[PDB]
Structures are given as C-alpha cells and as structure tokens.
Amino acid sequence: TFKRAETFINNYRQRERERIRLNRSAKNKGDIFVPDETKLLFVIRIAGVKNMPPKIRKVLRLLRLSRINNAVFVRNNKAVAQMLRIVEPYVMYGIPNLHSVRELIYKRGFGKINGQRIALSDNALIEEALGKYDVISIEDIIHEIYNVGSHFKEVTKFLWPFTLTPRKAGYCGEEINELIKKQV
Amino acid sequence: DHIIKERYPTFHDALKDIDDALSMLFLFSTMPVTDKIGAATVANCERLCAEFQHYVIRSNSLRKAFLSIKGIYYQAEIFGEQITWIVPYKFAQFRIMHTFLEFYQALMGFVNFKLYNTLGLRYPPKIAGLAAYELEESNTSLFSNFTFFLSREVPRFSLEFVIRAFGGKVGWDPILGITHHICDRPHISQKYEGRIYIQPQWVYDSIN
RNA sequence: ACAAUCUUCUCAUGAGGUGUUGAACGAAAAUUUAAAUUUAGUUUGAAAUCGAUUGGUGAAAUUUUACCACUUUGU
C-alpha cells in the first residue's frame, strides 16, 4: 500500500535508537550479565523490526532466530550473552525446564534434521540421528537438551528453531517454559 | 446440566456412552495446542484424564490392557458396564471437534465427581504425572505388590499408571516419568538390582 | 505504528556517566597541528531556496553506508 512519510521517519528514529543502544552496550560497556542456572536456554524472537542494523541480522541467524518465536537450545554461557545482548531488544531468553523441553519435543518437536522440520515423534529418529550423540529418545533428548548433555550442541543442531508463536525483550527464566506450554 | 440429564437418563447410560468421551479426552491430553484448541481446555482435559486414571487405580476397575498399533487400549468394568478407552502415544503429530471436546470434558467431570462421591474421594482431587493429583478421601492384581521400575526408554509413567490402574506398581524413570526393569529394549545391563528386564509386551500380556 | 532502550547513576575513596535542532551575529585568546579544536558570548518559531565537508575506516555483498568515524560501517 501507500506508505506514509511518518512510517519512514519512525524507522529512522528506531534505527537511531537501535544504533545507540548497540553502541553503548557493546562499546565501553563490554560487561555482560552472563545468564546462569543452566547450560542451555530457549531464546525466542519477539519481533525483528524492519531494516535492522546489519550487525543484528546474523545474530538471529547464527543463534538460529532467523524467524519470529524461534525457540532454540543454545549453550548457556558467557559467550552467547554479548551476542544475545546485541539482539536482546528482539529476543526473550529463558530456561527450558525438563517438562517444557519434553512437552515441546513430544508434540511440537520438529527437529531441524537436514535443515527441515523433522518431527521427533519416533524415538528411533532421535536414536538413529544421535546415536553417537548418546540421545536415544525424546526423553533422552531432554537429557541432552534440557539437561544439556554432552552432545547438546549436536542435539541442538538435530533440534529445530521451534516457533513458540504466542513477550518482554530480555530475561524470561522460567517464562520460556510458560510460552512453550502455550505453544506446545 | 440439563443437556446431560436429557441425553443420559441414568448414570448407566452415561457410563456406557463415555467411551468416546474418554477416548477424545485421552487423544486431546497429548495433542498440540493450536488456535482451534484452548490451552485451558487442554489442561482441563489432561486433569480429567488424570482423575479418571487415579479413580480406576483406586477402584482397580481396569480389566484388560492391550498394546495396539494406534495406542494403548484399556478395558475397565465400572458398575457392571464395560468402558474402553484408547491412549495415544506421546508422538509429534475444528469447531465440531471443540464442541465435542467441551461436551466430553463436562461429561468426564460429572462422571469423575460421581465416581469420587461413590468411592468417598474428594471431587475435584487436589493437585510427576498422577503423583500431583492426590486422591484424598472426603488384572486386579496384575503385578500385585511387585515394585517394578522403568528406565528412560519404556512408557514409564504410562506403564506406571496402567499397572497402578489394574493391579501393578510399575516404576518410572525421573526424566521419563526393585522387581522389574521396564525398558524399550531388553537392556540386561540396565536391569538394576532386583529390577529384571521387563518387556512391555510381557506386562501387557499378564494384565490381559 | 507520528509506539519502541538517551543514562534514577555507577563503581570506586576517586574515577567515570555519552549524550547537544538548524540558522544568524560576535569577541579575543591559546595550543594542537592556514584547519583543527577548544574558545566572552550570543540571538531565534523545530525558523529553513545551493554552496559539499569531502578523506579515512571497515562491512557486507566494486555501491552500500545520508553519522562508520581513526578507538573509524553484517555475528
């Protein structure tokens, strides 16, 4: 449709607002919050606003948030924090409680095997694809993801960016399970 | 209330016609939550299914348990009437369905309240699976008192609930959900002290 | 979508805090190295009829930064 001039200015203001927060938080504020209580999170994307800063665009892609509500098993450590804080305005990070991960895997589990949404319905699919990864079933997937097993990164690659379609632009902790409960 | 009274002249008619409602509730207890369905409705259906399983466990009304391809078929005798329910497996798989589910949930709640009153249990029960739902008071011996255990490959909680329903004490791994070791594979090594490798078919055959 | 993260302080006792519409008028000093910054000041409607500084830096896939600024642009 016909875009009105106010929308273009609103994009510029948000961009300048987005650019500023990025400049403060990253440069001269290298200190990071280091999320804890797990080795695995369930980050989701609230809304990637149009015309992102080019820094932002891969942060969704690399940690697998290329689409909205993409809940992914990410290795919880200091390393993800700065990248997530780069993308923190558009994401919610929270802990995948065992029930939430199991419930997600049991019903909404569509693991991105070969980059496609492959349902985790059959425990053999987890067993066959993750035989060397020690994940043998949906319950074992939770042990390898929610409990972040030895091959959690491989399990996460086996897993998918679960679209937990519904959110605050930051910490959730157990609130990711709340979204997962509604999503799954 | 009035619709259920007209549809079911007596509790015997409701019990005989609750097989479809029980099957629908069990199927919806593990179905994904979408726009067509409601999260609260799914939670209510799961609570009704848990209450029905707990009531069957206390009354030991379960008679047969068959491991079918579609799911677990449980046949129970309540007030003489035979009730058959199908429990689908936990696998990653509309207005009329929602209306039928709502009617089934209302019928299940009324049946659970009547069963709890007859057995003396409080309705609704206070709310780990069935462990959260406390049955506070207000084969029939398939595994008797054998303290069976389940690893993180068998139905675990489903095996525990099915055994506890008829006559058993099957276990469940903490993530998944001694005298026996329930596992998908034989897993002789996984069979712990006392826990002998328990194939689900063997337990189902003994129950049936 | 004329909506969004420009700072209730922070640490440590000191240090910081990252941030300013445009235009017009105007001292008189300094260093830095004429432009470059500071630099008495100012005036006005979020005012508006050329005048552009004109390099660098990356950072993607050479045109693209309409702030990317040397500490110099896609994790």
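Residues numbered from 1 in each chain as written, not as in the entry; some residues may be left out. Chains lettered and ligands numbered in written order. Part of a larger assembly, values for the part shown. Heavy atoms only, no water. Residues with missing side-chain atoms left out of burial classes, pairs and counts.

As documented in the archive entry, the model was determined using cryo-EM at 3.8 Å resolution.

Within the PDB entry, the label attached to chain B reads Pescadillo homolog, and the organism entered is Schizosaccharomyces pombe. This deposition appears in the PDB under the title "Ytm1 associated 60S nascent ribosome State 1B".

As annotated in the PDB entry, chain A carries the name 60S ribosomal protein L7-A and comes from Schizosaccharomyces pombe. On record in UniProt, under Subunit, the comment for chain A is "Component of the small ribosomal subunit (SSU). Mature yeast ribosomes consist of a small (40S) and a large (60S) subunit. The 40S small subunit contains 1 molecule of ribosomal RNA (18S rRNA) and at least 33 different proteins. The large 60S subunit contains 3 rRNA molecules (25S, 5.8S and 5S rRNA) and at least 46 different proteins." Word for word, the UniProt comment on chain A under Sequence similarities is "Belongs to the universal ribosomal protein uL30 family." (UniProt positions renumbered as here; feature names shortened; annotations may be inferred.)

Before going further, it helps to spend a moment on the overall build of chain B. Helix and strand counts for chain B stand at seven helices and six strands. A compact globule built from 208 residues should have a C-alpha radius of gyration of about 17 Å, and chain B, at 17 Å, falls within 12% of that. Its C-alpha atoms give chain B principal-axis dimensions of about 55 × 40 × 30 Å. (Helix = DSSP H or I, 4+ residues; strand = E, 2+ residues; numbered from the N terminus. Rg over C-alpha atoms; globule rule 2.2 N^0.38 Å.)

Looking now at the sheet that holds strand β1 (residues 62-67) of chain B. Residue and element names in this part refer to chain B. On the basis of which strands lie adjacent, the open sheet formed by three strands has the order β1-β2-β3 and antiparallel pairing. Edge positions in the open sheet fall to β1 and β3 (81-87), since each of these has one partner strand only. Taking each pair of neighbouring strands and ignoring which way they run, the sheet shows an average axis angle of 15 degrees. Note that β1 and strand β2 (residues 72-78) share five bridges and pair antiparallel. What sits directly across from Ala65, in β2, is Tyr74. (Pairing = 2+ DSSP bridges. Axes fitted to C-alpha atoms, helices over the stretch in contact; angles between N-to-C directions.)

Attention now moves to the sheet that holds strand β5 (residues 180-182) of chain B. Residues and elements named next belong to chain B. The parallel open sheet is built from three strands, whose spatial order is β4-β5-β6. At either margin of the open sheet sits one strand with a lone partner, and together these are β4 (148-150) and β6 (196-198). Taken over all neighbouring pairs, the strand axes of this sheet differ in orientation by 35 degrees on average, direction set aside. In this sheet, β6 lies alongside β5 in parallel orientation, the contact comprising three bridges. Within β6, the position partnered with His180 by the bridge is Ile196.

Here the focus is the interface of chain A and chain B. Residue-level contacts link 11 residues of chain A with nine residues of chain B. Of all elements in the fold, only α4 (98-108) and α8 (175-183) of chain A reach the threshold of two or more residues within the side of chain A that touches chain B. Per-element tally for the side of chain A that touches chain B: the top contributor is α4(A), with three residues. A breakdown of the residues in the side of chain A that touches chain B according to their chemical character gives five nonpolar, three polar and three charged. (Contact = heavy atoms within 4.5 Å. Nonpolar A, V, L, I, M, F, W, Y, C, P; charged D, E, K, R; others polar.)

Further remarks concern the packing of aromatic side chains. Residues and elements named next belong to chain A. Between the aromatic rings of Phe33 and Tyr93, the centroid separation amounts to 5.1 Å while the plane-to-plane angle is 15 degrees, which identifies the pairing as stacked. Note that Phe33 is positioned in the loop between α1 (5-26) and β1 (40-45) and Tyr93 in strand β3 (residues 91-94), a separation of 60 residues in sequence. Relative to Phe73, the ring of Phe42 lies with its centre 5.0 Å away and its plane at 70 degrees, an arrangement referred to as edge-to-face. With a gap of 31 residues between them, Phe42 in strand β1 and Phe73 in strand β2 (residues 70-75) connect regions that are remote in the sequence. (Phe/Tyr/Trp six-rings, centres within 6.5 Å; stacked < 30°, edge-to-face > 60°.)

A word on unusual backbone geometry. What is expected of a backbone is that most residues other than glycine have negative phi and most peptide bonds are trans. With an omega of 0 degrees, the peptide bond between B:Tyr123 and B:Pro124 qualifies as cis. You can see B:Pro124 is positioned in the loop between α5 (95-119) and β4. A positive phi is found at A:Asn69, a non-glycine position, where the angle reads about 65 degrees. Turning to its location among the elements, A:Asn69 is positioned in the loop between α2 (54-62) and β2.

Residues and elements named next belong to chain A. A salt bridge links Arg19 to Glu16; the nearest nitrogen and oxygen atoms lie 2.9 Å apart. Of this pair, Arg19 and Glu16 both sit in helix α1, separated by three residues, roughly a single helical turn. The residue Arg21 makes a salt bridge to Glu18 at a minimum N-O spacing of 3.0 Å. Of this pair, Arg21 and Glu18 both sit in helix α1, three residues apart, roughly one helical turn. (Salt bridge = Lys/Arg side-chain N within 4 Å of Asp/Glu carboxyl O.)

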